[PDB]
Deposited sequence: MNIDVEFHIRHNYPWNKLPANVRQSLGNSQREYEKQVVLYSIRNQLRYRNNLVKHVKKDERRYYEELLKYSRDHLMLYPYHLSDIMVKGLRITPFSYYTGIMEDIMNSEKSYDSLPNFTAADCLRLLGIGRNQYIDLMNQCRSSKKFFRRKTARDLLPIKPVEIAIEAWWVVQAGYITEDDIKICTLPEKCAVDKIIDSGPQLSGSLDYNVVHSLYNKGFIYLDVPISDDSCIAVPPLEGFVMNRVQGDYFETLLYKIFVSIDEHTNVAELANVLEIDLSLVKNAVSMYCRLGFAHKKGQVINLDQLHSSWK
């Protein structure tokens, strides 16, 4: 895409505010701008309501479904910055999302090496599926093509997320919870949900660890990984932009000051290092467990 057309979409220019030379790059068609507005938004996993796309595309929920579809098709990372919409709205968790990517590359016999790096890291972290586990599952898949009961990826993939590392300072958020959903809950699990529903989002340390991991396994909660402008983050070392913002940083510095130096927009950098922390690629410094508030299961 024209870097300039994109510049204008990013900064949310309506059509009329557009330079006629950028209007020239769109064949002077407004509808072509709108087409590239949806495109760029979907590709950059833009939040619907804060963005030009809300004016072109009329159904929000359909914008998010198309967003998730594109993200899955291009093997992108889960849009953790849209977890509220994806989980609460489309009822699709990180785990669900990656399950779909796994199913796609297995059922179509693609290589685990076709998965981008962070995507594969997140598949390992959520499905327990690294390259080796994937080689094993793939073989099971091809092996069972000889037996009367064939298997496809759905038959092999996990049906719940493996245990994930969860920092105490991660924030727990209530998913979309139905009555039948709770009908499967424990009472400590219900205690947590009602806490979150009443008091709002909850620091994860504040809750029972086993209720957090079990709600998380049911998909009844999702995790926010807070990154603020004052946040300082450290990196142990061992599209391509994420792998490039990643190598490019440490600098013993603020995140906002990390955005400026990096000359990449800040909101996009807060999201990216929230993602790096979540996945174990970056380490949010200054975190401090107050053991008087830490629930005892931790």
Chain regions without C-alpha coordinates, deposited sequence numbering
239 to 251, 312
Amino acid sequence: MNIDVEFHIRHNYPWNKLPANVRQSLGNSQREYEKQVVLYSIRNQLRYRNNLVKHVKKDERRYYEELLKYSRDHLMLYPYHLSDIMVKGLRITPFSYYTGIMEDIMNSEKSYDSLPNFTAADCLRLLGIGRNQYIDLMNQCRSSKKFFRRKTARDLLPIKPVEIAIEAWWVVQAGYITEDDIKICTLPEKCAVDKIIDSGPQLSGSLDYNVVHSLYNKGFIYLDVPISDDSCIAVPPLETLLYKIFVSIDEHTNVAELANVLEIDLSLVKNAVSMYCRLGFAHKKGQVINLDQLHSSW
From here on, numbers count along this sequence of modelled residues.
Return whichever of 57 to 65 and 27 to 35 has the greater mean Cα B factor according to the PDB record.
27 to 35
So 73 to 81 or 149 to 157, which one's hotter by mean CA B-factor in the entry?
149 to 157
Would you mind finding, among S108, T186, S214, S114, the residue with the largest C-alpha temperature factor in the entry?
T186
Per the deposited entry, the peak Cα B-factor within the set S206, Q173, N139, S96 goes to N139
Looking at the temperature factor on the CA atom of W15, which third of the chain's modelled residues does it land in?
highest
CA B-factor ranking of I129, expressed as a third of its chain
middle
Can you tell me which third, lowest, middle or highest, the CA B-factor of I197 falls into for its chain?
highest
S228 by Cα B-factor - lowest, middle or highest third of the modelled chain
middle
In terms of its chain's C-alpha B-factors, the third that includes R43 is the lowest
